[PDB]
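Below are two forms of the same protein chain, given as structure tokens: structure 1, then structure 2.
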Structure 1
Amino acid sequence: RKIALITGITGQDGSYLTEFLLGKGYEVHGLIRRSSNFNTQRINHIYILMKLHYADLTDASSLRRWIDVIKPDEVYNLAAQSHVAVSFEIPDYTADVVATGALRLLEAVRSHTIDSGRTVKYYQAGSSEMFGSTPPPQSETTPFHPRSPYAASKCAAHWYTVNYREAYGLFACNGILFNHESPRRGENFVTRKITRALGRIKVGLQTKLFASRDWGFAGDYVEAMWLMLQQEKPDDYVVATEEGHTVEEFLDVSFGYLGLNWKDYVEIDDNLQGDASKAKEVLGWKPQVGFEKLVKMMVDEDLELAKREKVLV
């Protein structure tokens, strides 16, 4: 039975990757941060073959400890302070987690394989944010011009990973993923912010609702992560839908799906075009969920959520 270790398992991607690997018969171990409040909202339904362990990317000891006890076959580093805006607020912390944290995991894995003679496949959660202002089309080889501490930190993590591959021959893959959403997307993100409101509005619990992007479904993307680690050789891959859409187009589809006009609730207050050819060719990966289905999917779940709220009220 293959064993997988996931950092950032409580996040959006972690929650889906967990379900995916389980369906694959994998034994899944995830590292979680201690917090004063419930923090396993995305994987609660799963917990009730999945083990959770306390750890932190800023604590190298905690990382090596669990890798030694778990002896994973595949390690997915999805953990990070993933909010771009917030990264300007806590740059040091973000760098320590996103950049150095990644290096700690890499070094913990390399050290482990040398001490135990074992083999480990590694995945680094890269981001299209690394490209920054570089003009399209952005592929695996496009140069980075990060525009935030978060992006710069991901660039560093990307390079530490590549370095461990070329220097030690570690099976380390960099998934350069573009924006992906889902019903579990953090509410601090535009797509989820919108669908959350709509559900509330429809239920009548809410009154008002406060650069284009390549949005894909988180469920599809984690599959590409797994595919990367199943190839013969380690490599870096861009994962995107290669299509664009606007927040308004999102509003129309979202609100239109529930028979509401967005102009009755809307309250007015970069340029990434990825080439995922390599992913399609080498991994045979293809998004099986389009923009429309993704939106209506988010809307349905957020409505079910609003109703749960109306019932309580």
Structure 2
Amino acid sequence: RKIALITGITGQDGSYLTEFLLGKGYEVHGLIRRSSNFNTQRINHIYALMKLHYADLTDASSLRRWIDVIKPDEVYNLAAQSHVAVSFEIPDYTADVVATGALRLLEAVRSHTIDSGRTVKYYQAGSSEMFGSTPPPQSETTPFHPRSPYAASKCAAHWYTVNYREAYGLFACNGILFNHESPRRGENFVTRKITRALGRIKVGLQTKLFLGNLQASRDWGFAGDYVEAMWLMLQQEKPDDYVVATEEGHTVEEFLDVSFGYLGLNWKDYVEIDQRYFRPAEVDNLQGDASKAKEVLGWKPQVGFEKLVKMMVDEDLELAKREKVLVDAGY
């Protein structure tokens, strides 16, 4: 049975990748951070085929320890302080996890393979955020012009990963994934923030939705579809980097149009602009060119924009309906 080690297993992507790999017959191990509260909300339903271990990307010893014990065949580095706005607040921590943390994992894997003689395939969770202000459409070779500490740190991780492949022959691939959402997306990201609020507004638990820049345009796909691409990259004869995206861009305003309209509401009756949600340096327009992924990996997105928006609205409306009962039942 193939063994996969996933860092960031508790996150959106880790939860879907875990289900995907288990379905493929893998033995899946994940590294999780010790937390004072429950932090396995996304994978509790899955939880001898899935094992969790305490570690941290800022602790190199912890990474090597588990790689040695697990002896994984594939390593997926999904761990990250993944929020752009938050990265402006904690740039140093973000860099240590997103940039240096990736290098620590790469070095631990490289050290493991040398000492044990084993072979390990590696995936780095790259991001379209790396392109920053470089105009669309963005492909694998489009120049990076990062606009946040998070983005710059991902650029660093990208190059550390390319370097380990070129210098050591490590089978390391960089997935340059554009924004991907789902009903498990963090509530601090704009899409989930909108659908969560919409659900609550629909049932009467909320009356206002505060947002920032509605004109930012993004290429939004479904996380469930994207994790398949990660796996596909590691199944090729040679390692390489690939853009994974829907190739269709939409503004936050369009997301609002589709979501609220879907439930028969006019978002303008509820949305208010709060300048505190603006970023110090904005990324105006991301739209990927995923031609390479289609040609080489045979990968294509299955969930389209409106389908994704509506999937998220349906799920968050159900959550809001449950909350309405509780708030009402005296809970």
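All residue numbers here refer to structure 1's sequence, counted from 1. Throughout, rigid core stands for the largest set of C-alpha atoms superposing within 1.5 Å between the two forms.
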Which one of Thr58, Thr246, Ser61, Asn39 is the only residue whose C-alpha moves by 2 Å or more between structures 1 and 2, after superposing on the core?
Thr246
Does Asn261 shift between structures 1 and 2 by 2 angstroms or more at the C-alpha, the core having been superposed?
yes
Could you check, with the core superposed, whether the Cα atom of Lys202 shifts 2 Å or more between structures 1 and 2?
yes
Can you read me the CA shift for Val295 between structures 1 and 2, rigid core superposed, in Å?
1.4
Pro137: how large is its C-alpha shift between structures 1 and 2, with the rigid core as the superposition reference, in Å?
2.2
After superposing on the rigid core, how much does the Cα of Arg104 shift between structures 1 and 2, in Å?
0.2
